[PDB]
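Below is one structure, written out as structure tokens, with a few remarks after it.
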Amino acid sequence: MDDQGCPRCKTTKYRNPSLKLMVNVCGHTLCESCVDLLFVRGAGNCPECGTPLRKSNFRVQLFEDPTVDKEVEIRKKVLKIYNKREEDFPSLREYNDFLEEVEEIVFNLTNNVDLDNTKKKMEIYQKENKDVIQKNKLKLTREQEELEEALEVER
Amino acid sequence: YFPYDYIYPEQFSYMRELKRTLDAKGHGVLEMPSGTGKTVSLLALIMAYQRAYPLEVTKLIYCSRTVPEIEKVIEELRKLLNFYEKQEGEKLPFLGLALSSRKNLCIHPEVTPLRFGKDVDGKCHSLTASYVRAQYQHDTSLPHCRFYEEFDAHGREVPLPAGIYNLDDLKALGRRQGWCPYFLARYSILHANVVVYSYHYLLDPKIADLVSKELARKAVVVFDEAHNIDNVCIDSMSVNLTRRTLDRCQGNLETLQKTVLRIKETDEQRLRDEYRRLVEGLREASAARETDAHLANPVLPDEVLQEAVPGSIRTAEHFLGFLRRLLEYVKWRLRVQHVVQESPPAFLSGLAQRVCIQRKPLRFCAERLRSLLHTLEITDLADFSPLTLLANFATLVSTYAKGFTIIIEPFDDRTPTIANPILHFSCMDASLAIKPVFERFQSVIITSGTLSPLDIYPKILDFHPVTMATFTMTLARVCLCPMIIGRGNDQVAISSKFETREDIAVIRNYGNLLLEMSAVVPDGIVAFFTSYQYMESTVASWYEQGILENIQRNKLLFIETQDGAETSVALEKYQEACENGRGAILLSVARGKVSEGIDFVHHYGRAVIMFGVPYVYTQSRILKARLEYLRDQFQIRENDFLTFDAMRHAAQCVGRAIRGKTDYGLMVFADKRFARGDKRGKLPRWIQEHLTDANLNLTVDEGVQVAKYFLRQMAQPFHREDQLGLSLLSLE
Ligand code: SF4
Ligand SMILES: [Zn+2]
Ligand SMILES: [Zn+2]
């Protein structure tokens, strides 16, 4: 808890056990005390480098979710651009051999590997694909049809 | 022919039932009460079959439910082997394998006398196939497990052992020339004409190996005391987790991190060399003995568990994948234990959204966790046992959460308080643990005496064309004497299904009748109550009025405790007082620990007292989910299921004081609820031979006079009575 450090106030974790902690996008953990203390002094800048914080991209929580910094970054990188790859690959693969590369590339991405610039070129490659969201719309339509069919049986 | 016990007749009825099973080829149900020789007459017909030269493939695996009864089955099967071994002249060989694992294991004095079974067998296997497989030979580390190496020698060789052995026969042979129960057990499973063990090994979709070949329509399985199968098929595959076990699972996980961290580059390359062999290979040599210890086949009603170790590409990469299964589980478990919640899709869909992985690595993570330490193997099961409970819980989710449910009872609800939270994850349809058993073998025959209401039997949803009861023709009916006391038109207060200490009329009636029976029963009295709550309120109420104090004058008091350590020492003091001095009295619970299988007879306890209907607490949410799912299959049977479970435990506490015929036991059902229900889901041989006479609407005063008939007429059968057959089946 107190071993990860604290940006500005530095004196907050020792005052309240049930503290509301928040996260950002670059990969840091700032409590609710550092949110208001930094806004009245500056804005939304990273205490280590330079990450702008304009929109309300903070996830408020009081259950102390970011326990280990290594396991919280791999959960955000997959549900961003790697979650959409769960549909394109099965349309061309044929055996469980390429799925090990997805699980491996996300393990080394946290341990500082130069291969981070390689995956950024694929995101800018094609500009017309969409999908993903179109697949979630069909599941919601079929769910409403089942609820309407179950309501007719009760009637 | 097996000359031993007198002819009723009884083997003529059991002979016809064993002929229709091979023709119909299906599951059969046979009623065998404790008042009829279900061991001498059964084993006399079974060896006639073992000699079936015609019947190409013929097996028997026979089970039982307790470690003494195993030995009982053994000895009885010994003698019927004896006599028509003598009679038929030239003897053909035999084997009956009592296969007792853990508690009957080790001959090394360093290992043996530590009390529990599992942990000490972990020390044994850590020594054998974890230190002496890794440190493959040395001088101190590779411990003197010398007769495993003697098994190596005679497993290269071919001996032929003699016959069916006791449990202690194999330890005495351990000393002489019999080797390890496990490994000789393996070599003797290679060919065994009869293996006797507990049915809990087969009815458990986890470490069950089925101990059979690839044939799915052969062999013969015979169960024993399989009346209480509705809970075994559910409690076996049931898994749970507490905060104490979760705290130890996280503490021992940090030790594994320091093991891989201190590995340089030379030793690290050797770990990745075995990863390629496990993928291209599928018949690893480590699948011969370590599979039985760890989670063998959790998907028993499907196929075997053998994949290409998914979810792992490196050694350190698998640690982070397993660490996310522990850091996220503790965040999802503590947040749902704040309030009550019961929703199967809440834990299945909630875990997939948080942990963004697939259902393939989470399904095989239990087998990969065991194979991870096999490469280093410098560890032992003592540090791996807390990690197994977490991997076992995750296995029941990726392929079993689509038909189960989650019961959350955190704030005072038949569970410990906030100091030790616990979650529940059991089954409903008790058929997943018995369907692979019926499919792997040909025909399975269950033998239960207390299982008489067959109308509720299709609860398992399995066919049973072989249906037959048992009456046992007996001349003198002085064998048993069922009595029902329910006061009637005098006080009508004798039942207490939802009352604690609000009244004193029912408690006073239980003490007045028990005080009078303690002076007329010639031996011990084995009484039973409803639950632990009503039992403590009845004994505490006798201290004020002065009822329990008078009982201490005659017989000695014995009340079942809570801890398992003080329960074993309490039963030994009861058996010593009833045999040496005056027979004492037992004041326990119908579902406690002296009701599973004590086999107490005349010199231990020949009187049975039932204080009310032994019902169950249906208000709890751990049992309501098991009954709510029944409404989807049987709507009108929502109440008959509770009557079956109440009368099954009542007959189980009765069908124990008698075993042969000359035991002469007594049972009392002191409750007014036994009015019309005594002519439906009860023993068929009790209605025509006992319950026919007017003896159901009795009271405390009338119950003593009726009890005097069984205690006085019993003095007449002394020289000779029903002696028919003359050791030749009456030429029938
Ligand atoms: S193998 Fe046989 S001897 Fe060696 S530990 Fe297990 S029991 Fe003790
Ligand atoms: Zn702060
Ligand atoms: Zn930064």
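Which GluC sites (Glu not before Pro) in the range B:479-524 pass both tests, a DSSP loop state and at most 16 other beta-carbon atoms within 10 Å?
B:499, B:502
Based on the alpha carbons, how large is the Rg to Rh ratio for the range B:382-474 when Rh follows Kirkwood?
1.11
Among the listed pairs A:70/B:258; B:72/B:218; B:171/B:206, which are separated by more than 19 Å between their Cα atoms? Intermediate results must be reported in sequence, preceding the final value.
Values: A:70/B:258 17 Å; B:72/B:218 27 Å; B:171/B:206 28 Å.
From A:70/B:258; B:72/B:218; B:171/B:206, over 19 Å: B:72/B:218; B:171/B:206.
Kindly provide the helix-only [θ] at 222 nm of chain B, computed as the sum of -39,500 (n - 2.57) over DSSP H runs of four or more divided by all residues, to the nearest 500 deg cm²/dmol? Spell out each step's value before the answer.
Numbers: 26 runs with 293 residues, N = 732.
Per the formula, -12000 deg cm²/dmol.
How large is the charge dipole for the range B:514-608, taken about the Cα centre, if only the Cβ atoms of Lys, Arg (+1) and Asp, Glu (-1) carry charge, to the nearest 20 debye?
That gives the range B:514-608 a dipole magnitude of about 220 debye.
Identify all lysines with a Cα-Cα distance to residue B:672 below 20 Å; exclude those on the same chain that are fewer than 8 residues away in sequence.
List returned: B:497, B:682.
If the convex hull of the alpha-carbon atoms of chain B is projected onto planes in all directions, what is the mean projected area in square nanometres?
Numbers: hull surface 142.5 nm².
Mean projected area for chain B: 35.6 nm², to one decimal.
Could you give log10 I(q)/I(0) at q = 0.08 Å⁻¹ for chain A, computed by the Debye formula over C-alpha point scatterers of equal weight, without solvent?
-0.40
When the dipole is taken about the Cα centre of the range B:68-115, and only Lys, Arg (+1) and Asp, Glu (-1) are charged at their Cβ, what size is it in debye, to the nearest 20?
Approximately 200 debye in magnitude.
Loop-only chymotrypsin sites (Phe, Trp or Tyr not before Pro) in the range B:374-450, please: DSSP not H, G, I, E or B, and at most 15 other Cβ atoms within 10 Å.
On the way: sites: B:384, B:393, B:400, B:404, B:411, B:425, B:438, B:441; in loops: B:400, B:404, B:411, B:441.
Passing both the DSSP loop test and the Cβ count: B:411.
Could you quote the convex hull projected area for the range B:46-139, Cα atoms only and averaged over all directions, in nm²?
Across all orientations, the range B:46-139 yields a mean hull projection of 9.9 nm².
Relative to the longest principal Cα axis of chain B, at what angle does helix B:640-654 sit, 0 to 90 degrees, rounded to 10?
The two axes meet at around 70 degrees.
Could you tell me, in Å, what Rg and Dmax come out for the Cα atoms of the range B:335-428?
Radius of gyration, then largest Cα-Cα span, for the range B:335-428: 15.6, 45 Å.
Rg and Dmax of the range A:21-64, Cα atoms, in Å?
Cα only, the range A:21-64: 9.9, 28 Å (Rg, Dmax).
Please tell me which of these pairs span more than 31 angstrom C-alpha to C-alpha: B:59/B:624; A:76/A:130; A:10/A:119; A:120/B:264?
Details: B:59/B:624 40 Å; A:76/A:130 20 Å; A:10/A:119 37 Å; A:120/B:264 33 Å.
Pairs exceeding 31 Å: B:59/B:624; A:10/A:119; A:120/B:264.
Determine the relative contact order of chain B: mean sequence separation of Cα pairs under 8 Å and six or more apart, normalised by residue count, in whole percent.
19 percent
Compute the long axis of helix B:565-580 from its Cα atoms, compare it with the longest principal axis of the Cα atoms of chain B, and write down the angle in degrees, 0 to 90, nearest 10.
Helix B:565-580 sits roughly 30 degrees off the main axis of chain B.
Give the whole-number value, in cubic angstrom per residue, of the convex hull volume spanned by the C-alpha atoms of the range B:439-533. Don't skip to the end; give the middle numbers.
Values: hull volume 22.9 nm³, N = 95.
Per-residue hull volume (Cα only) is 242 Å³.
Give the span of the protein assembly as shown's Cα atoms along each principal axis, as three whole-Å numbers ordered largest to smallest.
The Cα atoms of the protein assembly as shown stretch 104, 72, 60 Å along the principal axes, largest first.
Only loop residues by DSSP count here, and only those with at most 16 other Cβ atoms within 10 Å; note down the GluC sites (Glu not before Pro) in the range B:260-295 that meet that.
When the GluC sites (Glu not before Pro) of the range B:260-295 are filtered for loop state and at most 16 Cβ neighbours within 10 Å, B:265, B:284 remain.
Please work out the C-alpha center-to-center distance from the range B:139-160 to the range B:195-234 and express it in whole Å.
After rounding, the separation between the Cα centres reads 30 Å.
Based on Cα positions only, what radius of gyration and what Dmax would you give for the range B:582-662, in angstroms?
Cα-based Rg and Dmax for the range B:582-662 come out at 16.2, 54 Å.
Residue farthest toward the positive end of the dipole of the protein assembly as shown, with Cβ of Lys/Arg at +1 and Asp/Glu at -1: which of B:261, B:416, B:668?
Comparing the listed Cα positions along the dipole, B:261 ranks first.
Provide the descending list of Cα extents for the range B:118-257 along its principal axes, expressed in whole angstroms.
51, 50, 30
Calculate the length of the line joining the C-alpha centroid of the range B:44-120 to that of the range B:431-508, in whole Å.
29 Å
Pull up the DSSP beta bridges for chain B and report the antiparallel fraction as a percent, rounded to 5.
Here the antiparallel bridges make up roughly 15 percent for chain B.
As a quick test, which of the pairs A:80/A:137; B:79/B:123; A:139/B:360 have an alpha carbon distance above 27 angstrom in this structure?
Numbers: A:80/A:137 19 Å; B:79/B:123 38 Å; A:139/B:360 23 Å.
In this structure, B:79/B:123 lie more than 27 Å apart at Cα.
Please report the spacing between the Cα centers of the range B:596-644 and the range B:272-335 in Å, no decimals.
39 Å
Read-outs: derived from the displayed coordinates by stated rules, not from any lab. A quick note on method: Cβ atoms are made from the backbone with ideal geometry, for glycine too, and the neighbour counts reach across all protein chains shown.
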